[PDB]
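Undergrad: Below is one structure. I have some questions about it.
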Amino acid sequence: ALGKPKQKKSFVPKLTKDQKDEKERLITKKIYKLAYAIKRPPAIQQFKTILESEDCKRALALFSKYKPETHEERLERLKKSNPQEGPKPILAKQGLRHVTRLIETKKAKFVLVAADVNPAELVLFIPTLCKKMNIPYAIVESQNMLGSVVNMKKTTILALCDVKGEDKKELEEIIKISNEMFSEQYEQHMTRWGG
Amino acid sequence: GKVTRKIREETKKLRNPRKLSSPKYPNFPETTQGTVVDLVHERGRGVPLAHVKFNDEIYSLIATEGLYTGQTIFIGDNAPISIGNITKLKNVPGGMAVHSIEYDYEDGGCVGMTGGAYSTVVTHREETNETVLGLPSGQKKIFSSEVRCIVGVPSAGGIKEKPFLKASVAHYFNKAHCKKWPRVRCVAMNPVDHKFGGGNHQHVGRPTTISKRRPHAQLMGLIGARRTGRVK
RNA sequence: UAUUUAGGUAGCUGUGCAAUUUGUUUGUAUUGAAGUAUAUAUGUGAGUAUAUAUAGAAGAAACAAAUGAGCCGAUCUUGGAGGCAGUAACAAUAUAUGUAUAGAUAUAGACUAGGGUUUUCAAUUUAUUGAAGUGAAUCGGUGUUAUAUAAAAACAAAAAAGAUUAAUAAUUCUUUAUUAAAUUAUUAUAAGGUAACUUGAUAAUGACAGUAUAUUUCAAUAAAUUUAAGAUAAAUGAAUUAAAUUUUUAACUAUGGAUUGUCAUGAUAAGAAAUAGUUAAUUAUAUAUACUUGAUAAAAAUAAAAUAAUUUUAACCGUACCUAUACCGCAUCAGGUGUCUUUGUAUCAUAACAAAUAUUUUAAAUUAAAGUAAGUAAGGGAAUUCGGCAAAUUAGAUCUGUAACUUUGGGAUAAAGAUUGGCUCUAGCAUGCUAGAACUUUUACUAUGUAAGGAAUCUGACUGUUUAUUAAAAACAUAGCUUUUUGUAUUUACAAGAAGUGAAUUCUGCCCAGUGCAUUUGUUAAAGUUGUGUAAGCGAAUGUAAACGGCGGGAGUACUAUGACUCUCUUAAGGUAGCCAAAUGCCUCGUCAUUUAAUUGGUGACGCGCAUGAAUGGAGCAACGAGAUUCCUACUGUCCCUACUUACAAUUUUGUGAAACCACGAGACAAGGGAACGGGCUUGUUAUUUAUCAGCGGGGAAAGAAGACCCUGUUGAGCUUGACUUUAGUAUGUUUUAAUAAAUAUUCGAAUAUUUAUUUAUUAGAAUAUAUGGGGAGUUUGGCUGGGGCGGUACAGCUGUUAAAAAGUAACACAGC
RNA sequence: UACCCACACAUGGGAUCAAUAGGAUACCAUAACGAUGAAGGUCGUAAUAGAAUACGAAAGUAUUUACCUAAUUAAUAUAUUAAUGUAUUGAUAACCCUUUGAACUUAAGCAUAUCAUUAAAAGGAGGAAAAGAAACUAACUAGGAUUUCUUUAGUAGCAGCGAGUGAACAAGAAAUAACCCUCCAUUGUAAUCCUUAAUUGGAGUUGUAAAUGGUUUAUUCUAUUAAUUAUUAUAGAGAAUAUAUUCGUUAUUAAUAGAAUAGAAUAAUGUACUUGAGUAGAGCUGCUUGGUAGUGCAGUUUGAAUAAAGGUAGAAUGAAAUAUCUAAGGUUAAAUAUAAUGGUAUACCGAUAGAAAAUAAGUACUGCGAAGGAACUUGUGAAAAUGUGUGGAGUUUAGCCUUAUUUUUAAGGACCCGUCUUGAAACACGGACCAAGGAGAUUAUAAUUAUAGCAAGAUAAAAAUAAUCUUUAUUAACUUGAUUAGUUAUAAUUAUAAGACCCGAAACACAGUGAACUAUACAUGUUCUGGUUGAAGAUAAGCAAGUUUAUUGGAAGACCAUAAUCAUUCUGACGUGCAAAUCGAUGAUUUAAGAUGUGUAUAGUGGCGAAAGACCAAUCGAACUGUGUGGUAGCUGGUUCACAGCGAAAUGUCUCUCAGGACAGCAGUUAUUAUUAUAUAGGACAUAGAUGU
Ligand SMILES: [Mg+2]
Ligand SMILES: [Mg+2]
Ligand SMILES: [Mg+2]
Ligand SMILES: [Mg+2]
Ligand SMILES: [Mg+2]
Ligand SMILES: [Mg+2]
Ligand SMILES: [Mg+2]
Ligand SMILES: [Mg+2]
Ligand SMILES: [Mg+2]
Ligand SMILES: [Mg+2]
Ligand SMILES: [Mg+2]
Ligand SMILES: [Mg+2]
Ligand SMILES: [Mg+2]
Ligand SMILES: [Mg+2]
Ligand SMILES: [Mg+2]
Ligand SMILES: [Mg+2]
Ligand SMILES: [Mg+2]
Ligand SMILES: [Mg+2]
Ligand SMILES: [Mg+2]
Ligand SMILES: [Mg+2]
Ligand SMILES: [Mg+2]
Ligand SMILES: [Mg+2]
Ligand SMILES: [Mg+2]
Ligand SMILES: [Mg+2]
Ligand SMILES: [Mg+2]
Ligand SMILES: [Mg+2]
Ligand SMILES: [Mg+2]
Ligand SMILES: [Mg+2]
Ligand SMILES: [Mg+2]
Ligand SMILES: [Mg+2]
Ligand SMILES: [Mg+2]
Ligand SMILES: [Mg+2]
Ligand SMILES: [Mg+2]
Ligand SMILES: [Mg+2]
Ligand SMILES: [Mg+2]
Ligand SMILES: [Mg+2]
Ligand SMILES: [Mg+2]
Ligand SMILES: [Mg+2]
Ligand SMILES: [Mg+2]
Ligand SMILES: [Mg+2]
Ligand SMILES: [Mg+2]
Ligand SMILES: [Mg+2]
Ligand SMILES: [Mg+2]
Ligand SMILES: [Mg+2]
Ligand SMILES: [Mg+2]
Ligand SMILES: [Mg+2]
Ligand SMILES: [Mg+2]
Ligand SMILES: [Mg+2]
Ligand SMILES: [Mg+2]
Ligand SMILES: [Mg+2]
Ligand SMILES: [Mg+2]
Ligand SMILES: [Mg+2]
Ligand SMILES: [Mg+2]
Ligand SMILES: [Mg+2]
Ligand SMILES: [Mg+2]
Ligand SMILES: [Mg+2]
Ligand SMILES: [Mg+2]
Ligand SMILES: [Mg+2]
Ligand SMILES: [Mg+2]
Ligand SMILES: [Mg+2]
Ligand SMILES: [Mg+2]
Ligand SMILES: [Mg+2]
Ligand SMILES: [Mg+2]
Ligand SMILES: [Mg+2]
Ligand SMILES: [Mg+2]
Ligand SMILES: [Mg+2]
Ligand SMILES: [Mg+2]
Ligand SMILES: [Mg+2]
Ligand SMILES: [Mg+2]
Ligand SMILES: [Mg+2]
Ligand SMILES: [Mg+2]
Ligand SMILES: [Mg+2]
Ligand SMILES: [Mg+2]
């Protein structure tokens, strides 16, 4: 109306499978230049230590001794008359909501934390909580590495309650290298402003 | 009242706007050589265009004054200065005539497009790398250097010599240039169509100088004048 | 026991009659219920009861109930039918025997838009019913596009004759052709010419204005010849009509070395004439040149080639008929509607007539009046009239001749004179055109077509346009002149937006106090901070009148008279150059001259100009005008003063056959009173053909339309603005705004503000406050009144008179506050 | 012969009366659409076929279902590996939930206000929807989720405090029902979940957890089909035939489908300490409510505490006591509202009535389009208007009243009705004629009169087999306080509001349709013939740097005619016309700023315009169609049967008042009562007085 032309409608192309993967690359590239140039808070700056690439292999070779039963083994365990035969078996827990119950009740002895998680708020409180209960702790890179033990895809946290008698001396070797990187310098980790 | 003539003309330009060529020249890193191919004429404008050929590619450009078919010209940042060549602005001495000036680098051209109108250079300032140009409108404008431009006066001469002695001559001019012709004076109109209209005799009754403070549909007459009348 | 009371508009109350349905009780009817039409009785009246005729199936009364409960009117609603009235208005060719002989009016024929069976035939009387009829590889659509839906006229593979049907025919049939796709048989991979080029031997285009001149291709005329036709009382070197058979130039190449063409302009040492040769000659909508322009004259799909043969290979839709009596205007309507073709005489054409083709049947007449058209007029010649409105005169072609004025082109076809036939010859060359001569007559463009002329004034420069249906102009436009805004334009200052005057020549004077416009340094809101501070705008200063606009008055002074000169109130400045009783001057039919027998008219001079005047333009006329006004010459029934002839309607006959209007109109007048102009009422005077026909416009305050003028309404709408109340748009503050480092300033180590640099942000906005704001939106704009408006308030209080010896009382009446 | 009257017989038309396979209103049940292709449309099928009606190539009597149409080899999204699977899209005309949102009108003007949390318009679902388990109400001797009815109540309150508008607790009833996620659920073990014939392939520790059998028997209710019923009567409701018979009613069974209750049998049972953030609240700003200085909601800026805590308590802020509750996550039956579709009834209408339609009716017909939209049953045969026959008068007088057997004449009287008006037969308006239709009825709230039941008390409130009035007792409040027989119904009149006795404006808002006439821009096509005049350019011949004469050439918004076009004059013709703008003569016009076909673009506070307020479908200083709408009118017009009793004003005061209202005066109707006749008077007489014509 009023002597003005009719409205015009433009067209759009649907994105191809190469064009979608191409555009997501320039999104993650812009963020990596952004977050480094500003100053990040100290609670995130503590998550840069990975302890080594090599020292991870000694801890994961310990936990693979204690794997839980599979699905098909669980049904054959119930085919027997008495399900509980012999002593209690030593296992390895793998859940986030279950491990923070263990540390609050002081049952654990060694905790591994994956720094790979996105969103990042879920594990910000973990190294401080172990400090109040005097628990040694360590940080590994990827949560895929922790799922390789429990036959799962991704796993955030992982901890043991006890170990057998033969691997006692093998356990004390790990804690010494783990403590001098984190717990002996914990009071410095709160003060370091990443910039 | 009703919507007047001025607002109704602008919305008629949105239903069918006017079309022209906008000729621009390319950018090349070093000095090359090109040949003039032919000369043509467009519908709206009076100045003839020229088709040059750089690296087996044909572009369009405004023809300078002395140009014939088959001549050779050079384009580059450091070409020699002569008639029809296109060089950087810093090379030309003070007092010559240029006729296509880009505002910034690697642009087509902005200033001096029509036929018969040229600009002059007045100085060079080695501090801050700037030169002052003399626009055809008569105002001194300061230009940054390193823009490139073309040397010479444009063609088509002085068209405004002989008058439209007939009414039929002005009919074909405004029709090709897409303007409204003929025009009716606003005093002859009835007071619905225009503010000045109506009355028992043909007169205005209001001061014709109108400020720029007022809104857009109230602007008519001599808008925002600093002076009115013959000087002497 | 009314010997006493009884009219009555607006209005209030009481007693009663009519209609439809509901509860209870009583009763009628096929030897005849309800309805309808005529009588009789009865009631003061709304009404009721009975009798006779007709018709054929259901209806009445009493005690109580529920309401869509009683018509003469509303320019009331729907249906039926009158007067005027057989009136207005329309249609009306001849034959004693015929499917013919004559007369009369009208140009005719094809594609598209619209119509849809109207086509053809049969039977029964521009009707009704029933059958039959439309044939496609080459005729249209289906395809491409017009700078995010476009072409039956732009672009595009290909056909013509000759016959058949009651109706289709580039479509059926016969004869000779052409295109495309699928399968067969055969094969050159290059020769020749110095050159332009010739033959199987690829990579091209669709594709693009207007005007003038010269070619005479076809075709057509004209002539000759050969077959056929029709007419004349006669006569004629043999007439008239039809069919066919015939009637060198431009480029380029090789030699050559300096001239040569067109109706016009020319071409050549970047090689002329002359020779030898190779390509073509575009069929009139063509070819080659020239001329006009601030106009240079569309897109896209689209390509290959030698010779012969074959085919149940080439899909889908429309193909009848009408061009105006088969469309649109309510119709068989004097209106309107795209393109093309069409024979003969016609010395510029035009106009007119004839061909061709299509339609058509029967009242009277030497006689009315008044009409619509066409003719003629003795003597006078605008005396008629607002005005020569209407009519009349002039006119084609050849030869002489041509003024004032001028923008030097024009005026000009100025004005003013003379000639014109027919037949027989002579003289030129270009061979069908032009000069001259002799003879002759009831004298020559004139059947049709075809300018009256001259002298002045006002206004518009010119060609152009406009109120479809009362206005064609002096109105609008136009070139020309001038002012203004924008240097970050899909376009780029010789460009893009906004305004005024109106060609050329000559001019464009004075004023910035008022209102606007521009430029630059006292008053004024909110939000934030422990608290404090900071906005634009308004006001003030300076410019601007081809911005809106404006441009005075009084006194003395040189026989009378006048005042060059002087004095004086104020203000922004006090109308200069020019012009005039003009389209602008009330008094006013101003004063003088001239035009006429006579002039309120026309023209030339005068100016204390009610109220002239400079781009709101002043002065001015050469050319142009269906513009407005006056005078001479010619011409005439405009007039003195009217007369005669013809056609069409009218008067007379047959056929089809309406409308406006109508309280009642049955005869018409003089005076009276009356709502102050009667057809009817009151006193007087009067018509009459057996019941008519044709005219006429005195009256029926004749018919059309709930008056447009004027007033009222606490009824509206279009428009303007310094009316009231507000709002879109826009300008300026505050708060929200990526991080970092540094510098500077202002307040007290701290708080604010300003400014620079880097990349790690940068979709570009949001919420509030003040100002501007007829670009828009709502609404209002008292009463009284010797009609309304203008003037006053007799619209609130007080005293005396009007005012008539208790109280009460009017006027736009008196004298006042 | 014509004109007038009386009687008898025939035409014209469809009124009156009687009937009826049609309508209207109220109640009850149902509340079933669509990608497995809906609603609606176009074309076809009959042995002889047009309208109507039914049906799809299986086509005019348990399957098929031609072509368009959401119409789909698609679009917006999810899952698996470009292909395949899944879900949405359209119809509605009543009720329900959100968004947006007017004006006419009332205020005797109008601008805040009212109409109105309305009409129109858009989005989303079901047979019902929405709501629902206190971050409540109250001040008591205390109650207890939601919904609906009575009452509180036209009350508290809001508002140019004007016109007007307007709630809740308590009390009596209908119907009743409570629950689930959000932590650390036995870590001696994901015990879960989708898919595959298959731990087959996945999901999942950033946290998933979901007990299962439909076999049989009995009973009750609803819907649809099929069967038997006396001629005495568990059958007298009603229809049809003729002038004693049937269908049914009444009362019983069967079959199929669906729902509910109960019994018997088969399957199945572990552990569970969660409380809601860019929220609640502040500052500025706008809407809404009765909410008054938030009752509720939203934008921008700012933004808390976690049961040692937070919210509320009918004027504002700050503070204190006493009560009483715990927000910001989710589900939910019954009582309730109303169409299309099918049933049952009635103080409704009876063919100008009832729906527009007794149905070949949403049909014929009209408009470019949105849209508009009729007539007609069967028997009887009224009036208006006419024809034939017989009889009678006169030519100078229509019809009516009174008195008369000189009644088809005589003497007296007598202008045409309705209506405004001081005054009408008026030269003031409406009416040519007949039939049928046609206007103070209904509802809510008050008051007076008549009648009926009970009476210091009165009552059919909703429902099932309480409240209100006498009497809020006064006052703003404190301080204080006995008293005019009532209440419930039936009928008539008056006042206010509802369309409001009937018909009538110029206008305003909401939602849509048109450039076939006519206007402008852009693209593509077509546009007859003859003459006049003579600017540049060029050539020669003379005279002597030039200058006269003669040719050639064919420029211009130059001149003139035919065909075509327009419209100056006669103020010609016609003027219930040929024609809702035509015809004749006379005129103006010519290679252009022209004329014209088709295609694309511009729409109503908008477009187009060489400008006249011209044109936009016979309409234009704001087009056409439907709705709000029965818009408001202090202003014209009309208003339907008889008799009897009684009978006026045109004056005073106030009024944005002067064509209108209210109070006072004049009138009518009904009622009670006698020394208010020991009294009154538009009078007179006697006495005492007032006044300034
Ligand atoms: Mg005008
Ligand atoms: Mg205006
Ligand atoms: Mg003027
Ligand atoms: Mg009486
Ligand atoms: Mg009635
Ligand atoms: Mg009547
Ligand atoms: Mg009456
Ligand atoms: Mg009638
Ligand atoms: Mg006739
Ligand atoms: Mg026929
Ligand atoms: Mg034919
Ligand atoms: Mg043929
Ligand atoms: Mg055919
Ligand atoms: Mg044909
Ligand atoms: Mg035609
Ligand atoms: Mg005709
Ligand atoms: Mg005669
Ligand atoms: Mg004479
Ligand atoms: Mg004579
Ligand atoms: Mg005279
Ligand atoms: Mg006279
Ligand atoms: Mg004349
Ligand atoms: Mg002679
Ligand atoms: Mg003119
Ligand atoms: Mg006119
Ligand atoms: Mg004219
Ligand atoms: Mg005219
Ligand atoms: Mg003009
Ligand atoms: Mg001039
Ligand atoms: Mg000023
Ligand atoms: Mg000045
Ligand atoms: Mg003067
Ligand atoms: Mg003059
Ligand atoms: Mg005189
Ligand atoms: Mg005649
Ligand atoms: Mg008389
Ligand atoms: Mg008199
Ligand atoms: Mg007569
Ligand atoms: Mg009137
Ligand atoms: Mg009044
Ligand atoms: Mg108004
Ligand atoms: Mg206004
Ligand atoms: Mg008055
Ligand atoms: Mg209303
Ligand atoms: Mg009002
Ligand atoms: Mg009113
Ligand atoms: Mg009003
Ligand atoms: Mg409201
Ligand atoms: Mg329910
Ligand atoms: Mg629900
Ligand atoms: Mg309300
Ligand atoms: Mg859980
Ligand atoms: Mg039986
Ligand atoms: Mg809570
Ligand atoms: Mg009846
Ligand atoms: Mg009916
Ligand atoms: Mg008398
Ligand atoms: Mg009067
Ligand atoms: Mg009279
Ligand atoms: Mg009258
Ligand atoms: Mg009348
Ligand atoms: Mg009646
Ligand atoms: Mg009305
Ligand atoms: Mg509208
Ligand atoms: Mg001309
Ligand atoms: Mg006339
Ligand atoms: Mg539209
Ligand atoms: Mg006007
Ligand atoms: Mg019109
Ligand atoms: Mg009386
Ligand atoms: Mg009156
Ligand atoms: Mg009264
Ligand atoms: Mg006395």
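Quick note on naming: the chains in the structure tokens go A, B, ... in the order shown, residues restart at 1 in each chain, and ligands are numbered from 1 in order of appearance.
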Enumerate the residues of chain A with a DSSP assignment of alpha helix (DSSP H), computed from the backbone, and present them as number ranges by chain.
TA: A: 17-37, 42-45, 56-63, 71-79, 96-104, 126-132, 143-147, 168-179, 186-189
Undergrad: Would you mind listing the residues within 8 Å of ligand 52, counting only C-alpha atoms (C1' of nucleotides) and all ligand atoms, as an MDAnalysis selection string?
TA: chainID D and resid 185 207 209
Undergrad: Kindly export the residues of the current selection with N, CA and C atoms (P, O5', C5', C4', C3', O3' and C1' of nucleotides), as a PDB file, in the first residue's frame.
TA:
```pdb
ATOM      1  P     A D 185      21.146 -41.939  46.137  1.00  0.00           P
ATOM      2  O5'   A D 185      20.432 -43.245  46.695  1.00  0.00           O
ATOM      3  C5'   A D 185      19.756 -43.227  47.945  1.00  0.00           C
ATOM      4  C4'   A D 185      18.973 -44.494  48.197  1.00  0.00           C
ATOM      5  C3'   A D 185      19.692 -45.810  47.890  1.00  0.00           C
ATOM      6  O3'   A D 185      19.321 -46.780  48.866  1.00  0.00           O
ATOM      7  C1'   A D 185      17.669 -45.718  46.694  1.00  0.00           C
ATOM      8  P     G D 207      24.213 -36.595  35.600  1.00  0.00           P
ATOM      9  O5'   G D 207      24.289 -38.153  35.300  1.00  0.00           O
ATOM     10  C5'   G D 207      23.451 -38.752  34.320  1.00  0.00           C
ATOM     11  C4'   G D 207      22.771 -39.986  34.849  1.00  0.00           C
ATOM     12  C3'   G D 207      21.668 -39.726  35.866  1.00  0.00           C
ATOM     13  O3'   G D 207      20.605 -40.653  35.687  1.00  0.00           O
ATOM     14  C1'   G D 207      23.378 -41.051  36.852  1.00  0.00           C
ATOM     15  P     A D 209      14.787 -43.550  34.651  1.00  0.00           P
ATOM     16  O5'   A D 209      14.783 -45.067  35.120  1.00  0.00           O
ATOM     17  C5'   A D 209      13.896 -45.502  36.130  1.00  0.00           C
ATOM     18  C4'   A D 209      14.129 -46.941  36.494  1.00  0.00           C
ATOM     19  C3'   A D 209      13.568 -47.362  37.837  1.00  0.00           C
ATOM     20  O3'   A D 209      12.191 -47.666  37.780  1.00  0.00           O
ATOM     21  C1'   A D 209      15.793 -48.094  37.667  1.00  0.00           C
TER      22        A D 209
END
```
Undergrad: Find the residues near range 115-124 of chain A: any atom within 7 Å, counting only C-alpha atoms (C1' of nucleotides), skip ones fewer than 2 places away on the same chain, and give them as a list in words.
TA: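 Listing them by chain and then by number gives residues 43, 47, 113, 126, 139, 140, 141, 142 and 143 of chain A.
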Undergrad: List every residue of chain A that has an atom at most 10 Å from any atom of chain B, and for each one report the closest atom pair and its distance in Å to one decimal, counting only C-alpha atoms, with rows sorted by chain and then by increasing residue number, as JSON lines.
TA:
```
{"residue": "A:2", "atom": "CA", "partner": "B:11", "partner_atom": "CA", "distance": 9.0}
{"residue": "A:3", "atom": "CA", "partner": "B:11", "partner_atom": "CA", "distance": 6.9}
{"residue": "A:4", "atom": "CA", "partner": "B:11", "partner_atom": "CA", "distance": 6.5}
{"residue": "A:5", "atom": "CA", "partner": "B:15", "partner_atom": "CA", "distance": 5.8}
{"residue": "A:6", "atom": "CA", "partner": "B:15", "partner_atom": "CA", "distance": 9.1}
```
Undergrad: Within 12 Å of range 31-37 of chain A, counting only C-alpha atoms (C1' of nucleotides), which residues show up once you throw out same-chain ones fewer than 2 positions away? Write them as a ChimeraX atom specification, please.
TA: /A:24-29,39-41,44-45,194-195 /C:738-740,758-761
Undergrad: Run DSSP on the backbone and grab whatever in range 130-221 of chain B lands in strand (DSSP E or B); send it over as a CSV table (one decimal) with N, CA, C and O atoms, in the first residue's frame.
TA:
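As a result, selection.csv now contains:
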```csv
chain,number,residue,atom,x,y,z
B,130,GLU,N,50.7,14.4,2.1
B,130,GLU,CA,49.4,14.8,1.7
B,130,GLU,C,49.5,15.9,0.6
B,130,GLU,O,50.5,16.7,0.6
B,131,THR,N,48.6,15.9,-0.3
B,131,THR,CA,48.5,16.9,-1.4
B,131,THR,C,47.1,17.5,-1.4
B,131,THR,O,46.1,16.9,-1.1
B,132,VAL,N,47.1,18.8,-1.7
B,132,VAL,CA,45.8,19.5,-1.7
B,132,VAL,C,45.3,19.6,-3.2
B,132,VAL,O,46.1,20.0,-4.1
B,133,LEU,N,44.1,19.3,-3.4
B,133,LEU,CA,43.5,19.3,-4.7
B,133,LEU,C,42.5,20.5,-4.8
B,133,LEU,O,42.0,20.9,-3.8
B,134,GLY,N,42.2,20.9,-6.1
B,134,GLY,CA,41.2,21.9,-6.3
B,134,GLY,C,40.0,21.3,-7.0
B,134,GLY,O,40.1,21.0,-8.2
B,140,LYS,N,38.7,23.8,-1.8
B,140,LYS,CA,40.0,23.1,-1.6
B,140,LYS,C,39.8,21.9,-0.7
B,140,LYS,O,39.4,22.1,0.5
B,141,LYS,N,40.1,20.7,-1.1
B,141,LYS,CA,40.0,19.5,-0.3
B,141,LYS,C,41.4,18.9,-0.2
B,141,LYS,O,42.1,18.8,-1.2
B,142,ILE,N,41.7,18.4,1.0
B,142,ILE,CA,43.0,17.8,1.3
B,142,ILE,C,42.9,16.3,1.1
B,142,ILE,O,42.0,15.7,1.7
B,143,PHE,N,43.7,15.8,0.2
B,143,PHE,CA,43.7,14.4,-0.1
B,143,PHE,C,45.0,13.7,0.4
B,143,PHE,O,46.1,14.4,0.3
B,144,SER,N,44.9,12.5,0.9
B,144,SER,CA,46.1,11.8,1.1
B,144,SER,C,46.7,11.3,-0.2
B,144,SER,O,46.0,11.1,-1.2
B,148,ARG,N,45.7,6.6,-6.8
B,148,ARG,CA,46.2,6.8,-8.2
B,148,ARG,C,45.0,7.4,-9.0
B,148,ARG,O,43.9,7.4,-8.6
B,149,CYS,N,45.4,8.1,-10.1
B,149,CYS,CA,44.5,8.9,-10.9
B,149,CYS,C,45.0,9.0,-12.3
B,149,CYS,O,46.1,8.4,-12.6
B,150,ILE,N,44.2,9.6,-13.1
B,150,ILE,CA,44.4,9.6,-14.6
B,150,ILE,C,44.7,11.1,-15.0
B,150,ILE,O,44.2,12.0,-14.4
B,151,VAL,N,45.6,11.2,-16.0
B,151,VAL,CA,46.1,12.6,-16.3
B,151,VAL,C,45.3,13.0,-17.6
B,151,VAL,O,45.3,12.4,-18.6
B,154,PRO,N,38.7,15.7,-19.3
B,154,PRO,CA,37.8,14.7,-19.9
B,154,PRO,C,37.2,15.3,-21.2
B,154,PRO,O,37.3,16.6,-21.4
B,209,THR,N,11.8,31.5,3.1
B,209,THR,CA,13.0,30.9,3.7
B,209,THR,C,12.5,30.0,4.8
B,209,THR,O,11.9,30.5,5.8
B,210,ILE,N,12.8,28.7,4.7
B,210,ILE,CA,12.4,27.7,5.7
B,210,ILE,C,13.6,27.1,6.3
B,210,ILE,O,14.6,26.7,5.7
```
Undergrad: Quote the spacing between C1' of residue 533 in chain D and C1' of residue 349 in chain C in Å to one decimal place.
TA: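 Taking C1' of residue 533 in chain D as the start and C1' of residue 349 in chain C as the end point, the length is 19.3 Å.
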Undergrad: Pull out every residue of chain C that has at least one atom within 10 Å of chain B, counting only C-alpha atoms (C1' of nucleotides), and report them as a VMD selection string.
TA: chain C and resid 293 to 296 463 to 464 475 to 480 482 to 485 487 to 495 497 to 500 503 515 to 519 543 to 549 616 718 to 720 729 to 731 772 to 773 775 to 776
Undergrad: Residues at most 9 Å from ligand 54, using only C-alpha atoms (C1' of nucleotides) and all ligand atoms? Could they come as an MDAnalysis selection string?
TA: chainID D and resid 135 275:276 326:328
Undergrad: Which polymer residues have any atom within 8 Å of an atom of range 147-153 of chain A, counting only C-alpha atoms (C1' of nucleotides), with same-chain residues fewer than 5 positions away left out, as a PyMOL selection string?
TA: chain A and resi 60+63-64+67-68+94
Undergrad: Could you please take those selected residues and save N, CA and C atoms as a CSV table (one decimal), in the first residue's frame?
TA:
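Generated output (again38.csv):
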```csv
chain,number,residue,atom,x,y,z
A,60,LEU,N,47.4,-46.3,35.4
A,60,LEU,CA,46.4,-47.1,34.7
A,60,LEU,C,46.7,-48.6,34.7
A,63,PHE,N,45.2,-49.9,38.0
A,63,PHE,CA,43.7,-50.0,38.1
A,63,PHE,C,43.2,-51.1,37.3
A,64,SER,N,43.9,-51.5,36.2
A,64,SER,CA,43.4,-52.6,35.4
A,64,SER,C,43.5,-54.0,36.0
A,67,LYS,N,39.2,-54.8,37.7
A,67,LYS,CA,38.1,-54.5,36.9
A,67,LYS,C,36.8,-55.1,37.3
A,68,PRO,N,35.7,-54.5,37.2
A,68,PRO,CA,34.4,-55.1,37.6
A,68,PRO,C,34.0,-56.1,36.6
A,94,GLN,N,33.7,-45.7,39.9
A,94,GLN,CA,34.0,-44.9,38.7
A,94,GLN,C,33.0,-43.7,38.5
```
Undergrad: Could you state the separation of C1' of residue 339 in chain C and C1' of residue 529 in chain D in Å, given to one decimal place?
TA: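 One can read the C1' of residue 339 in chain C to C1' of residue 529 in chain D distance as 19.3 Å.
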Undergrad: Give me, as number ranges by chain, the contact residues of chain A against chain D at a cut-off of 8 Å, counting only C-alpha atoms (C1' of nucleotides).
TA: A: 1-3, 68-69, 84, 88-89, 91, 93-98, 101, 122, 155
Undergrad: If you count only C-alpha atoms (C1' of nucleotides) and all ligand atoms, which residues end up within 12 Å of ligand 44, as a list in words?
TA: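 Using only C-alpha atoms (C1' of nucleotides) and all ligand atoms, I find these residues within 12 Å of ligand 44: residues 103, 104, 105, 106, 115, 118, 119, 498, 499, 628, 629, 630, 631 and 632 of chain D.
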